[PDB]
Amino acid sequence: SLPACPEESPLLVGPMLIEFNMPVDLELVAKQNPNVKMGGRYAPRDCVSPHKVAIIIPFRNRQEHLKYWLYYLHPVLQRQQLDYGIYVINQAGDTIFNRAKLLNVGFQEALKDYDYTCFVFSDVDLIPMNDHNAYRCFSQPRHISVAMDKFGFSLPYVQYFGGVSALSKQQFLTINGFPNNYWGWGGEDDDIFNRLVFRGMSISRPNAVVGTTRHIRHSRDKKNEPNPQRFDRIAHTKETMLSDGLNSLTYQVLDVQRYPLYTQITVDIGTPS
């Protein structure tokens, strides 16, 4: 009996002021977000969203960025009228970071909670500056963080697909998900670009003004040195995607914690094989 939410949300206020120089108390954020239900789940009370979105954050040792992420995104995602949940996929151990493998774990695990049909993949340190930048899926894969301050508020190259993106359930399945063997920094987002292009798709984007995005400045994380194999790996995507991704994935979930504003899945994703 509730009617469809309108196509575009009437609640959006467009551009927003974004800053990362004050402390954040998630207790307060939770109290400022009374409609967000345990585990960081929200759907509107007044209408049915067609956007059933699981937002997936690859994570290790960035608690400070996460509280900023939570503080800014939760109110925006509510104004966008999404039926959404947050998933922080926390890499166990202290071995080399694997961004794309976490994202896969995220897709697969989230699906167990709820019938999500859209996946937003978001780095922890990127915050949109305009709530017209929709954190849901389109008829083609969606690149969301299109004009980041750190790249001068434009794309750093036209095939860039890093930062924040969104794939529908079907688009993610169609590329066999993300690669598992990009260990350490660099290039997994280029490989994913390739995967989309090899399956007949193109990149949807908002304009540079709406897609304005802030990156929280930070120094290097240890255990994520540039991957020196990344260039050879991206040159073979077409062949390797056939058997490397969802259909070749295993992991062991160590812990699932429902916090009021996000579900955190701690996971053993292993070391290179």
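Rigid core (definition): largest C-alpha set, two forms, superposition within 1.5 Å. Just count from 1 along the sequence shown to find any residue number.
Farther from the shown form on average, by C-alpha root mean square after a core fit in 5 other deposited structures of this protein, is 231 to 239, of the stretches 231 to 239 and 61 to 69.
Displacement analysis by core superposition in 5 other deposited structures of this protein ranks 177 to 185 above the other of 83 to 91 and 177 to 185 in root-mean-square C-alpha distance from the shown form. The records show that residue 222 is omitted from the coordinate set of at least a third of the other eligible entries of this protein. Stretches compared: 172 to 180, 90 to 98. Higher mean C-alpha B-factor in the entry: 90 to 98.
Stretches 202 to 210 and 216 to 224 differ in mean C-alpha B factor, with the higher average recorded for 216 to 224. Highest CA B-factor among 57, 54, 246, 36, as stated in the entry: 36. In the PDB entry, residue 21 places in the highest third of its chain by CA B-factor.
Annotation for residue 151: C-alpha temperature factor in the middle third relative to the rest of the modelled chain, per the entry. Annotation for residue 191: CA B-factor lies in the lowest third of the chain's modelled residues.
Among all modelled residues in its chain, residue 32 ranks in the highest third by Cα B-factor.
Residue 240 sits in the middle third of its chain by CA B factor, as recorded in the PDB entry.
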